[PDB]
Amino acid sequence: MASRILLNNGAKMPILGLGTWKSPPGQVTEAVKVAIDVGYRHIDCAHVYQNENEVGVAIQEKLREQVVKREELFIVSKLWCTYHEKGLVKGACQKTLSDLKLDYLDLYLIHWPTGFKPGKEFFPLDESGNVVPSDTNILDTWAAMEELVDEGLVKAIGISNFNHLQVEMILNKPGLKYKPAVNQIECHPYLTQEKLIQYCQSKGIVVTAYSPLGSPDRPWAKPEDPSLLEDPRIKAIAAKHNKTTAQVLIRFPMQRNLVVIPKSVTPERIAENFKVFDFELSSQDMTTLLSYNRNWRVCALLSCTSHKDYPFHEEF
Ligand SMILES: NC(=O)c1ccc[n+]([C@@H]2O[C@H](COP(=O)([O-])OP(=O)(O)OC[C@H]3O[C@@H](n4cnc5c(N)ncnc54)[C@H](OP(=O)(O)O)[C@@H]3O)[C@@H](O)[C@H]2O)c1
Ligand SMILES: C#CCNC(=O)c1ccc(F)cc1OCC(=O)O
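All residue numbers for the sequence shown refer to the authors' numbering, where the first residue is 0 and numbers rise by one.
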């Protein structure tokens with residue numbers, strides 16, 4: 000298992016990164032510092048997570064300390080839905096750069112295919128509670144992303160939560176200048192994504208798996224929901240390999256040629272989660288884990304199910 004995967008922009012991306020959604024601002028600086036100390040070279044960020052300033056403090060301190068060089072880091076962020084407008088994309092990217100203390104991003108993603116009305120609110124609602132859309136389409140937003148590459152602000156651009164028809168729309172864009180490098184999607188044994196993964200990989204687009212542990216800290220969790228970390232079938236595979244259940248859940252996408260971004264703010268778990276380059280799941284193990292699919296989503300974007308670009312009506 001090599002540590003990096005080659006992207007279609009010619010750059011290499013570390014296959015294991017640190018997630019930062021829900022990482023409290025008072026804990027995430029330490030989390031990222033510890034992560035870099037124990038070997039992480041890829042951090043997954045987003046403006047909407049409201050903690051990029053604090054992530055940036057950690058990155059900058061480790062650069063200043065010469066623990067790592069900037070070229071050895073792979074920093075990812077995402078354009079939020081209220082910034083899909085041509086005239087807002089650069090400023091959104093620049094705000095993220097300023098917060099992260101960087102002069103470029105390694106990868107910048109369209110966070111969701113759905114554009115929302117610009118303004119202070121991340122989810123602008125009408126008087127009845129539906130998200131208020133933007134009229135700006137996926138293709139014009141993509142053109143704005145391409146401009147960021149040409150201005151030196153980002154080294155690669157990609158997409159997140161795009162279904163295969165939406166990926167296809169970009170690939171078929173008239174005058175397409177840069178193909179998406181990455182599609183970041185939810186993926187774990189309860190949402191195995193075989194169809195979408197195959198499609199993206201066949202087009203040379205690298206897939207990043209989010210919520211690989213099933214996001215037990217997701218704010219809308221309910222007691223009756225399935226739980227990957229507590230699934231005795233997965234625990235059994237972990238026990239056989241003398242690893243933790245989380246380590247199995249992280250190794251699983253790695254062996255499918257995916258990038259994976261487990262989140263933790265717990266120093267011991269941050270270190271644990273990185274120790275996944277010392278064992279191999281068998282083909283049988285992999286197929287067994289795949290068999291647990293139930294099309295269950297942590298992130299279903301439920302306030303946007305009527306948006307013209309809602310991604311999850313399509314089968315994949
Ligand atoms: N593009 C998108 O739309 C999108 C959507 C969702 C997520 N993401 C990205 O993907 C990252 C990962 O997804 P996620 O945050 O939803 O959830 P996740 O990585 O599947 O799970 C995070 C949870 O697992 C716990 N955990 C971590 N390591 C553990 C271990 N070794 N043993 C037991 N529990 C462990 C964490 O606890 P502690 O932190 O307390 O240790 C936290 O509660 C996000 O942080 C974000 O960067 C992107
Ligand atoms: C379900 C769903 C869609 N996402 C959200 O509602 C959301 C909102 C804010 C945030 F910080 C993370 C959020 O979810 C994770 C993400 O989108 O990266």
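Cβ coordinates follow ideal geometry from the N, Cα and C atoms, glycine included.
- For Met12, the three-state secondary structure derived from DSSP is strand.
- Going by C-alpha positions, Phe276 is about 11 Å away from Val247.
- Within the DSSP secondary-structure output, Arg3 pairs in a beta bridge with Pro13.
- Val258 and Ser127 have their alpha carbons spaced roughly 39 Å apart.
- Here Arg293 has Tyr189 as same chain residues with Cβ atoms under 6 Å from its own Cβ, once five neighbours each way along the sequence are excluded.
- Look at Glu267 here: in three-state DSSP terms it is helix.
- Rounded to the nearest whole angstrom, the CA to CA distance from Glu84 to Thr135 is 6 Å.
- Annotated three-state conformation of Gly213 is coil, per DSSP.
- If you draw a 10 Å sphere on the C-beta of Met0, you find fewer than 16 other C-beta atoms in it, and that means exposed.
- CA-to-CA, the gap between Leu289 and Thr191 works out to about 6 Å.
- Scanning the region 112–179 from its first residue to its last, the whole alpha helix (DSSP H) runs of 4-plus residues come out as 137–149, 163–170.
- When C-beta atoms of the region 90–110 are compared with those of the region 148–161, three or more pairs fall below 8 Å, so the two segments count as touching.
- In this structure, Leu96 keeps its C-beta atom at 9 Å or more from the C-beta atom of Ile35.
- In the three-state DSSP reduction, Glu185 falls in the strand class (E or B).
- Looking from the CA of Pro252, the closest CA among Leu212, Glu271, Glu267, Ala220 belongs to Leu212.
- Taken through DSSP and simplified to helix, strand or coil, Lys262 comes out as strand.
- Assignment of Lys21 by DSSP, reduced to helix, strand and coil, places it in the coil class.
- CA-to-CA, the gap between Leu99 and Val56 works out to about 7 Å.
- Minimum Cα-Cα distance from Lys119 among the listed residues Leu108, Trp79, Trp111 corresponds to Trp79.
- For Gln49, the shortest C-beta to heavy atom distance toward ligand 2 is below 8 Å.
- Checking the 8 Å criterion, the Cβ of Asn272 is within range of a heavy atom belonging to ligand 1.
- Checking the DSSP bridge columns, you'll see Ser76 partnered with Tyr107.
- Rounded to the nearest whole angstrom, the C-alpha separation of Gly18 and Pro261 is 5 Å.
- Here DSSP, grouped into helix, strand and coil, assigns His46 to helix.
- Pairing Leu106 with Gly174 gives a Cβ-Cβ distance that is not under 9 Å.
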